[PDB]
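Here is what each chain is made of, one letter per residue.
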Amino acid sequence: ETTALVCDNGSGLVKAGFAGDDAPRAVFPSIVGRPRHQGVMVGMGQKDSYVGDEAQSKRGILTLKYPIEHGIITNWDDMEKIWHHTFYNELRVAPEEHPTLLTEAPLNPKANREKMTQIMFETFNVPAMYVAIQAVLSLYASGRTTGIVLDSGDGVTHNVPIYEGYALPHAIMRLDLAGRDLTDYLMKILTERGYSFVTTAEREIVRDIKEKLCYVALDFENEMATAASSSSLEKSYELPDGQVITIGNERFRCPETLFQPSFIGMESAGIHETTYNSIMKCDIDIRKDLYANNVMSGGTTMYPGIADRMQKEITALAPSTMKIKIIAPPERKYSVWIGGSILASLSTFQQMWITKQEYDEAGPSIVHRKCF
Amino acid sequence: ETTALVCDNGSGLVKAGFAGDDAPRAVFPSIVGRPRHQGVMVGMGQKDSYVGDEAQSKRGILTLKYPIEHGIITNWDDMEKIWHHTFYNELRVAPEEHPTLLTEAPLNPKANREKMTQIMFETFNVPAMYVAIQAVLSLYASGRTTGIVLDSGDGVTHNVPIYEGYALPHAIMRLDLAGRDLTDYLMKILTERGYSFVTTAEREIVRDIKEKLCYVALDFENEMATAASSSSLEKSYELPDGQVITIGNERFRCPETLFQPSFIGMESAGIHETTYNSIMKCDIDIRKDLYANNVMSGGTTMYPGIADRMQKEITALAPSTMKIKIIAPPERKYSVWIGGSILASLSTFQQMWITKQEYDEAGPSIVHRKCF
Amino acid sequence: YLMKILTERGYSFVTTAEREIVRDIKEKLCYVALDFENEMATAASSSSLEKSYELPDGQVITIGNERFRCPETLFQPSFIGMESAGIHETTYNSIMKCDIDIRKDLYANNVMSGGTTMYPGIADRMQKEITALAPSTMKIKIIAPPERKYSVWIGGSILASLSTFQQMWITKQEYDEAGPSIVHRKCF
Amino acid sequence: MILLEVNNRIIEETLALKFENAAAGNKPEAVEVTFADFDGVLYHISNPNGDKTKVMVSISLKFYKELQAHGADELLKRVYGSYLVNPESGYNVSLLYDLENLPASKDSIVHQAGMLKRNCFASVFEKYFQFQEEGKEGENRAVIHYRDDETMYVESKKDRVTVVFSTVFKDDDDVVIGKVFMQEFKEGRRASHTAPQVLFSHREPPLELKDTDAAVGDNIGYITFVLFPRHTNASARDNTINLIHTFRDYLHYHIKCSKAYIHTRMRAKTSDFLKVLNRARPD
Amino acid sequence: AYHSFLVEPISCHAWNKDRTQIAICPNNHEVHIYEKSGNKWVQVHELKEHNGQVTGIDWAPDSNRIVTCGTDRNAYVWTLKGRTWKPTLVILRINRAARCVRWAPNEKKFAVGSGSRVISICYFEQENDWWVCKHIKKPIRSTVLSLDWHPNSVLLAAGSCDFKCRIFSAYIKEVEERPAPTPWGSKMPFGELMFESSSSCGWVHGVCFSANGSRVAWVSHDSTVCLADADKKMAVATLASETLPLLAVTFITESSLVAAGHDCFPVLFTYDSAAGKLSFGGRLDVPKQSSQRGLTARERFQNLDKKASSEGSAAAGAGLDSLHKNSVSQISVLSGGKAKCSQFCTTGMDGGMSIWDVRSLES
Amino acid sequence: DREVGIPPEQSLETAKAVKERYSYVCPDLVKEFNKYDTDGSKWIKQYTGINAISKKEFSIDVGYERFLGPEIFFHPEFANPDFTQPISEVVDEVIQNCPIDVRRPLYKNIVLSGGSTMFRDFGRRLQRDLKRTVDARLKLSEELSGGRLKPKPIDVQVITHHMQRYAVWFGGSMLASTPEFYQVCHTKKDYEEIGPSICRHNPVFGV
Amino acid sequence: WXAXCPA
Amino acid sequence: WXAXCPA
Amino acid sequence: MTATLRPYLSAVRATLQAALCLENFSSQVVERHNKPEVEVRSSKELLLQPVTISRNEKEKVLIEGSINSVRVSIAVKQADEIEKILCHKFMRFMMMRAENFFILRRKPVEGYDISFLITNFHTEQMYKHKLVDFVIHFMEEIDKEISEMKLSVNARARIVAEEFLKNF
Ligand SMILES: Nc1ncnc2c1ncn2[C@@H]1O[C@H](COP(=O)(O)OP(=O)(O)O)[C@@H](O)[C@H]1O
Ligand SMILES: Nc1ncnc2c1ncn2[C@@H]1O[C@H](COP(=O)(O)OP(=O)(O)O)[C@@H](O)[C@H]1O
Ligand SMILES: [Mg+2]
Ligand SMILES: [Mg+2]
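(A) Examining a nonpolar patch on the surface more closely. The grouping of A:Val136, A:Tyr140, A:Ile342 and A:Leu346 at the surface amounts to a nonpolar patch, some 300 Å² of accessible area in total. Locating A:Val136 in the fold gives a position in helix 4 (residues 134-142).

Here it is in C-alpha cells:
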C-alpha cells in the first residue's frame, strides 16, 4: 500500500498507470474480438477471445466490437475481460495490493455505476476505490480552479461550468456526438468519392486516416470554393495493400459536423452553441471568469485550427466588448489521467476512498451520495 | 500399433510409406492394364489384370486406363485393385496392423468420400483412418502457418488461402487444367510438327518427353522470335526404337497453356489470374501476409523458370509498392506425403482418427461430419 | 454460392453459359424456409423434397437442400464470409435510427421490390423475424405486390406523366452553361 | 432442457403405454406406482379396488389447506370435467379415468392431466388476477408457503399486481453461487422490451412482508416481479404462470449447469498445463 | 573431450592400468566393459549374474580382477581365466545394502562401505577357497558413502553421513605386517576408532589421501571443503563459497586440490603451507561452452502438439556447459598417482563420460 | 458379405434380428450346418425391414447366424482371441473353488437373469454340460477308491422365469424400501472431510 | 441507452 | 463428373 | 510483477534450486529399497528442516528436503468462498489426471493447498530447470485461471438470466 492505480475507461481507448507518474504505462484501444472463421489447423487451440493490441494486429479475421458505446457499457463480459487483461497481463499488479480509481462521463445512469462498483468490490476485491468525473480531473491537470471544460471524447462530448471552490450541476450539457459519428460520416463520404469501407478493419483504417489527414476550416464556403480549384489541397494516403487514396474536401468536411450536426440529421446544436447556452445559464458575474478561461480536453479536439474557429465563433456570438481566450495545451489527450493521478496523490483524498467494510454494511447506493 | 501408413491417391501417381520416414517407400503410377490380344501360348495363364511398374514395362500389349480422372474416381474396381496391390505386394503390411491416412483434392463430391470410407472400413477392416487435404499437408511439410498453396497436380490444380490458425473456405478455386491436358496438347502439336502419337504407350512416351525436355518462357513473343532463328533451341530425343525426334518451339509452348487456357479452348483464366482473384477475395490485412508467402506443390510445377514467371506476373498485376516472394522448395513432389507423415506423427492427432466403432453404427455419412 | 454448393453435390459449372443455366435453375426451383433446422431435419428424410430439372443436353439434375440453402444466405451472410448482417437486421437498424414517432408508421408499411424477393415464403419469414425482434405489442404488416419486378419502371413512368415534373428536367442549355456538377444538386 | 418443462412425462408415457393397447379386449393391466416431482409433492397412481377398469391419480400438496379454504370451484369444471371425485389419499385432489366409457381424445386429455400441479396452483393466482380485473374490492393479500421452508406472498391491488419471492439455500457451497446468480437477475434487461421490473434485496426485507409472517431471517434474499395487464391478460397469463412456478427449479438446474460448465473449462485448462509441463522431458 | 556411452545414468566407473578398458554400469542388473579402438570406443564383453543393482566397481592394476559390490548384500570378485570372465562368490554378512568399494595398493584386501552401519574388510584365503569378511562397527552410527586407502594399506578413511570423517586402523595379521612408524598414531589393531572430525561440518561424500600420508581432505553437503593436516598439531583448514554441494574429492600434488559435483563443472582449490587456509580456483576445465540449434521444420510442428511451438532445447546452462552435463558422480586419475596427475577424468550422472587436462590450460 | 441389399446407415436395425425369434441355441454345430446345407429351403427365414430414409422396402434372407451368435457364448474364441475359455466349465471351476459345505446347494440354484440369456434352450445346454462334467468328476473320484456304494447323484437345475430382461431394478426397490438402507448409506459429513473414499469399499478387497 | 439512442 | 467435364 | 510478486518468486526459485539437489541412497532401515525418504519419515538422519516463503497470512509455501526427494507444498491466495470452491475443484480435476505429470502427488497435504514431489528418478529422465520453471509458472498463472473462471461463471449467470427474462 504505497500508491494507487488510475484507470480511465475511455469510450474508444483505455488509459492506465501508477499514481505519481507523468505518463501512462498502458495505452491500448478497447477492442474485444472473437474469431469469425471456423479454423482448420490442429497445432493451435489459441485464445477463443482476443483483446488489446493483439486484436488490432490480427483484426482481419475477427469481428471487432467496442464494449462501450457512447459512454454507456453494453456488454459487461467484455468490460470485465478488458479489466482483467489490463490488470494482469499489462500492469502485472494484483488488485489487492493497491486501490483503483475510475472515471465516467456526467449524466450517466446509476445502474452502470452500481454494477461497476459491485463487480470491482466482489470480483477483484479491491481494498478501496472511487468514482470521479473526467472534467474535474482535467481542471486538476490544468492547475486551475475556474473555467469551462470541453471534454469531447470518442463517445461523448460534455461541458461542466465551474467556479472557485464549487460547481454548477444545473448547467451541464451532454452531447452524444463524438468521434464514432465522425468516422461513420467519413465512411459515408468516402463512399461518395469512390472508395468503399464497411467492415470494422476498414473502420480502424478510416479512423487512422482521419487521425492523420483531417483538419478544421476557418470558413466553410471559402474552403469549398478553393476546393473548386482543386490543385493544392488534395493529399494521398498509402493503404496497407499499397493502394493510394486521394482525399480532398473530405479533410475539412467531416470535422465541420461538430459545428453543423444537421449533416448527420441530429436536431441539436454545435459545440459553440451548447457552450454559449451553458455559460448563459450561469450567473452574470461568473460569466466573465468563464469567458476568460476555457479548458478543452479529449481526443476529438486535436484538429489544428479548432481553437481558432471556436474563438472566432464565440467572439462573434458573445458581445464584442471583452476578451475571449482559448487555452489549448499540447497534452490534452492524457489530461484526465494526469488529473486523476494528481488527485490520488493529494493527502486530503486518502480518506475519501470507499472501503469494503463500509460498502458491505451500507450497500451499492453509497457511491451515489459520494460526490454525486 | 506403432505407426500409421499415409497413402496419397494422386491423379497420375501413388505415394505411400510409413509414418516417420522422410522418403516414400513405394512410388508407382496408377495404371490398371488388361490384355488386348487373344493369347496363343499354353504355358501361361498369367494375371488377366496388370497393375504398377509391371504395367509400365509391358505397356505395348495392354490398354492402359487411368482409374482416376481429374481428381474424381471413375472405376472403383481398378482403385480397389491398386489399393490391394500397394497394401500387399509392395508394402506387405496387413491393414489391421496399422491405420491408413487418405488425401483428396478440395471441392470433391461427397459420394466419393462416402464410398471410399465405406470400402476402407468394410473390405480391409482398417482399425482407423482419416481424410485430409493435400494443401494443408503441404503447409505442414513447409513448416509454415500462413500462405497460399498452388497444388498443381496431374489431374487438378487448386488454391486454398490460409491464415494463422484458420483457413478461408470461401476463397477456394479449383481448376480442371492439369498435366493430362498438357500432354494432350503436346500430342496435338507434335502432330503438327510431323510426329504422330495416339495410343496410351505413346502417351507415356510423350509424358516422359515433357518431363525431360520442357521449360517455361519468360516472354512468349521473344521466345517465338528467337525460334524464328532456330539454330540454338532445337533439341533431340532418342525413342525406344532408336528414332530421333527434334523438338523446337514445343518445349516452351505447352507449358504456356497454363497461363493461356484459351489454347485448349477453355473459357477460364490462368493460374496467376486465379491466385490474384483468390487473394483479392480475402480480407485486406491478410493480403500482405499472403503476398509475402506463396507455397507451391505438385508435379506440374517443376518446370524451370516457372517461379520467376509467376513472380513477374504477380508483381505486374499487384501494386508496385511492396515485395512479392516465391518459395520453390526442391522437394515439392513429395511435400504432401511428408506433411501427412508429420501430421500423423503429431501426438494431438492420435485421437482425431475415426474408428470402427464409429462405422459399426451408420452409413459413412460420418466422414464429413468430422474427419475433414 | 449456388454454383459452389452444386459442386459439393456432384455437378460442376464454371463458365458463363452454365452461370446463366444456374441462374434459370434458381429462378425456377428455389424457395425460402421458415425454419432452417426443421427443413434440414426433413431433408435428412429426403423422400419428398428432392426435385428434378432438365438440362439443355437432356441430363437430369436432382436438387434437394440447395433449394432452401442459397436463399438463407440473405439472412445469414456469414455463409459467404461477409462480416455483415441480414436484411432483417439492417432494416431493424435503419428503422431504429429513425425518430420514435415515425417508427409506428414505418412498421405499419413495408414496401419491397426487386427481382431477388420473389421467392415464395420470403414475406412470411421477414414478418416473423421482424415481429420476433420488434416488441410484441403492435402489428407488423408485409405488403408483397405480385408485380414488384417492374415497380421501378411503373413509378418512373408515373413520375414522368406528372404535370409538375415537366419543369424539373435538365436541358442542354443549362447543362452546358453550368456544367456536369448540376445533377449533383438536383435532388441529391 | 433450458426452460424446465411443466408436463411430467412420466404420466404421459405410462398413459400412452396403457392406451396404445386399450383397444385389445378385457385388458386390465393392474397398475400401482408412486412418483415424486418438484416442490416436494408425492404422486400416486393406483386402482381404487380390485376393479381394474378404473385408474386413479392423486396428489399430496403441502399447502393443500390454503387451496381448500380458497375454493377452486372454477378448476372443478373448466379444465377437469366429470372425471374428478372427492379426495381419498390424504384429503388432496384426486382424479380417475373411466375406461368403460369411450375415451375419444387421446393427446388433449393426457396433456391436461400432465400439468396437474400447475393446474391446481393457478387456482389462486388466476383468481387474484380476476379480482383485480373484475373491479371487485382488492381481495385480501395471501401468503402461500409450499413444501420448501421459503415463502411466497402476493398482493393484488388496483392498477397492478405484485409478487415477491423468498429464497433459501441449504448447502453452504451453493449459497454464494446462488447469490451471484440472482445478483445479475435484477439488472439483465437489455434483451427484453415488454418485461416486468426485477429487483433483489436480502438485507432489508420489503415493507410489505413486515406484518406478514413470511420467510424472515438473515441468509434469505428477496425477489419481486411487478405485474401489469400488458403481460397478465388472458393471452399471456399461462406463460407467466408457468415461468413463475418453474422459477425455483429453473434456478437450481441452471446452477448445476454452470457447475458443469466450469468443470469442463478447468478440464480443458489442465491440458494446457500438461502441455506447458511437457517442456521438461527430453527429445 | 566429452563422450556418451548411454542415455540413461551410470552408477560407477572403473579403468584398467593402461587406460584402454572402461567399466560402465548401465543402471541395470549388469555391468558392461568398453575397450578402445583407434580413437573410438566399442563394447567387448557382457558380465551378468547379479539380480540386483550394481553400485560399486573397482579395478586391480596388476591382478586384473574386478569386484562388483552393490545390492543383494553380496559381492563377486571377477577374475580373468584365458579369454573369459568368471565370478567368485564372497560372503559379507550384510542385511541392508552396500554401495561403495575399493581395493588396496598392494592388492591384498578390499573394503566395502556397506549401508548396514558396518564396514567390512576381506582378504584372500586358499584354505576354504572363500573370501572371509571381518566387521568394524564400534564408532559407526550411520551409512558410509566414501572410502579411501593409504599406501601402507593400514589406514582407512570412511566418510559417513553423521558429520564425521574418521580414519581407522585395520591390521589383519594373517595377510599383513607391521607398518613403519607414522605421524598419525600407533597403527593399532583392527576394529577401533583412531580419531574423529574436529566438529560438525556437513555430511561426507568423498575422501582423498596423499603419497606422504600427512594430509586428508573431504567435501560435504554444506558447500564446504576440509583439509586435515596431520603434519602439524592436527591443523585443520576450512573454506567455503556460494557453489552448490560438491560430490567428489581428489588432488594433484601436495598443495593442489580438485573437486566436482552439482556445479556441473570442475572446481579447483589449493592449500597454503603455513597459513592454514585454502583458496579458490574457477573453471580450471575451460573458459566456457557454446550453444547451437537448427530449423527442423518437422520439429517446429512436432513440438507444438505437446509443448509450445516456439519452445526449444535452448537453456541458460548451454553457455557455461551447464545444459547437458547434469551433475558429477565422482572423479578419477589418469597417469601415475596423486603426485602430478597430468590428466583427470570425471563421471557424469547424464550417462556419459568426459576427460580433461591440467597442463593444456597452460595458465 | 453373405448378403446385400441394405444401406450402411441402417445396419444395426438390420443386425437386431438377434433380439427377435431369429436365434435358437444348438446342442450340436456341424449337424445343423449340414442340415442347412442339405435342405436350405425350409430352415431359411426372410427379413422385411423398412428403410428409414427413402421408405423403400428391402429384404434379405436369414442364414447360419440364427444359432452361431448365441452359440458364441459357449465358444467365445470366435470373437475374442484372448479369452478362449467356455462358460459352463468356468461355472463349475468357480463353484469348485469354494468351501465344501457350499458346493452342494450352489449347483441347485442358477438364476436365468439378463437380456443376453433370453436365448432359447440356453438353460438346457448349460444344465446338460454341467451335469456331464460333474458326473464325470464324481466317477473319476470313485474309480481311484473302490467301493460297492453309490453316492446320490448331484442335482443341477436351471430355473426359467420372468424378470430376465431386468433383475436389478426390483433389487434396488427392495434396497430402498429397507429402513436399514437409510442407516447404512454414507452421510454428507463422512464425505465432508474424510473424502469420497467412503464409497471405495469393494467385495474383493481387504487388508 | 434503453430508450432513445441504442446504448 | 455427371454434368460438365466427363468424370 | 516487479513490485508485487517478483522478489517472492526469486526467493522461492533460489530455495528450490538449492534444494533440488538429490541423490540415490540405498535403503538404510528396510532391507533393500530406494523408496522416497520424505514420505516415509523413518530416519531423522536424512531429513532437512522445513522452510517457508510467504508474504501474507492466507498464502504460504513449504519446502522440504532429503536425499531421495524434495517436497514442496503451496497455499494459494484465496479470499472469497467462490475462490476457495473454484481452487478446490480445479485442483481436484488436476489430481484426477496427475499420472501423466509424473511429478505431482495424489492428495494435498492436510491444511494446505496442492503440493508437488521430486525424486532422483524424475531428475535424469526429465530436465532440471524446466520443472522449477513449470512450478513457478503455475504459481503465477493460478490467479489468472481463477479470475477467468469467475468471469466465466458470471457470464453464464448473466446469459441464463437474459434468456429467461425475454419470455416475460
Ligand atoms: N491524433 C488525433 N487527432 C485527432 N483525433 C484523434 C487523434 N488520436 C485520437 N483521436 C481521436 O480521439 C479518440 C480517442 O481519444 P480519447 O480521448 O482516448 O477518447 P476517450 O474520450 O474515450 O478517452 C479517437 O476515437 C480518435 O478518433
Ligand atoms: N520430373 C518432372 N518434370 C515435370 N513434370 C513432371 C515430372 N514428374 C512428374 N511430372 C508431372 O507431374 C505429374 C505427377 O506429379 P504428382 O504430384 O504425383 O500428380 P498427383 O498430384 O496426382 O500425385 C505427372 O503427371 C507429370 O506430368
Ligand atoms: Mg473519454
Ligand atoms: Mg495427386
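On we go.
(B) The site of ligand 1, seen in detail. Residue and element names in this part refer to chain A. Close contacts around ligand 1 come from 15 residues, with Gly-10, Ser-11, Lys-15, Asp-154 and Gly-299 the closest. One nitrogen or oxygen atom from the side chain of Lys-15 is found 2.7 Å from an oxygen atom belonging to ligand 1. Take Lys-210: an N or O atom from its side chain is 3.1 Å from an oxygen atom of ligand 1. Contact with the protein chains hides 86% of the accessible area of ligand 1, taken as 560 Å² for the molecule alone. Among the residues forming the shell around ligand 1, the class breakdown is two nonpolar, seven polar and six charged.

(C) Expanded view of the interface of chain I and chain D. Contact residues are listed per partner, giving 39 residues for chain I and 46 residues for chain D. Carbon and sulfur atoms supply 71% of the area buried between chain I and chain D, which totals about 4300 Å² over both sides. At the junction of chain I with chain D, the criterion picks out three salt bridges. Of the charged contacts in the structure, one is a salt bridge between I:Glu141 and D:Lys269, with a shortest N-O distance of 3.1 Å. Scanning the region where chain I abuts chain D turns up eight residue pairs in polar contact. Contributions of two or more residues to the side of chain I that touches chain D are made by helix 3 (81-96) and helix 4 (129-165) of chain I. Of the residues contributing to the side of chain I that touches chain D, the split by class is 21 nonpolar, six polar and 12 charged.

(D) Geometry of a positive patch on the surface. Where like charges cluster on the molecular surface, the positive patch consists of B:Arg144, B:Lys288, B:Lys323, B:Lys325 and E:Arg300. Turning to its location among the elements, B:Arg144 is positioned in the loop between helix 4 (134-142) and strand 10 (148-152).

(E) The domain arrangement of chain A, seen in detail. All names here are of chain A. As far as domains go, chain A holds domain 1 (2-28 + 70-135 + 335-368), domain 2 (29-69), domain 3 (136-182 + 272-334) and domain 4 (183-271). Facing the 18 residues of domain 3 at the interface are 22 residues of domain 4. Approximately 2000 Å² of surface area, both sides summed, lies buried where domain 3 meets domain 4, with 66% of it carried by carbon and sulfur atoms. On the domain 3 side of the contact with domain 4, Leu-182, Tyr-303 and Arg-309 bury the most area, a combined 37% of that side's loss. Across the domain 3-domain 4 interface, the total number found is zero salt bridges. A breakdown of the residues in the side of domain 3 that touches domain 4 according to their chemical character gives seven nonpolar, six polar and five charged.

(F) Structural detail: the pattern of salt bridges. For the structure on display, the rule yields 56 salt bridges over all chains. B:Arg180 is paired through a salt bridge with B:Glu69; the nearest N and O atoms lie 3.2 Å apart. Of the two residues, B:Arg180 is situated in helix 5 (residues 179-193) and B:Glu69 in strand 6 (residues 68-69); the sequence distance between them amounts to 111 residues. Between D:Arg78 and D:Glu126 there is a salt bridge whose closest N-O contact spans 2.6 Å. Note that D:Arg78 is positioned in the loop between helix 2 (64-70) and strand 4 (84-85) and D:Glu126 in helix 4 (residues 116-134), a separation of 48 residues in sequence.

(G) Examining the site of ligand 2 more closely. Residues and elements named next belong to chain B. The local shell around ligand 2 holds 16 residues, among which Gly-10, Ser-11, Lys-15, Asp-154 and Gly-299 are the closest. Within the side chain of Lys-15, one N or O atom sits 2.7 Å away from an oxygen atom of ligand 2. Side-chain polar atom of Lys-210 to an oxygen atom of ligand 2: 2.9 Å apart, as the coordinates give it. Coverage of ligand 2 by the protein amounts to 87% of the 570 Å² it exposes when considered alone. Here the element with the most residues in the shell around ligand 2 is helix 6 (residues 200-212); it accounts for three residues. Its residues assigned to classes, the shell around ligand 2 comprises three nonpolar, seven polar and six charged.

Conventions we followed
- Residues numbered from 1 in each chain as written, not as in the entry; some residues may be left out.
- Chains lettered and ligands numbered in written order.
- Part of a larger assembly, values for the part shown.
- Heavy atoms only, no water.
- Residues with missing side-chain atoms left out of burial classes, pairs and counts.
- Patch = residues over 30% accessible without salt bridge, like charges linked within 9 Å, V, L, I, M, F, W, Y side chains within 5 Å.
- Areas by Shrake-Rupley, 256 points an atom, 1.4 Å probe, with all protein chains shown as cover.
- Salt bridge = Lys/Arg side-chain N within 4 Å of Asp/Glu carboxyl O.
- Helix = DSSP H or I, 4+ residues; strand = E, 2+ residues; numbered from the N terminus.
- Near = heavy atom within 4 Å.
- Polar contact = N/O pair within 3.5 Å; in protein donor to acceptor, adjacent residues only side chain to side chain.
- Nonpolar A, V, L, I, M, F, W, Y, C, P; charged D, E, K, R; others polar.
- Contact = heavy atoms within 4.5 Å.
- Buried area = accessible area lost by both parts, 1.4 Å probe.
- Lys, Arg positive; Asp, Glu negative; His and termini not counted.
- Charge placed at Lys NZ, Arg CZ, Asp CG, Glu CD.
- Domains from an automatic or database assignment.

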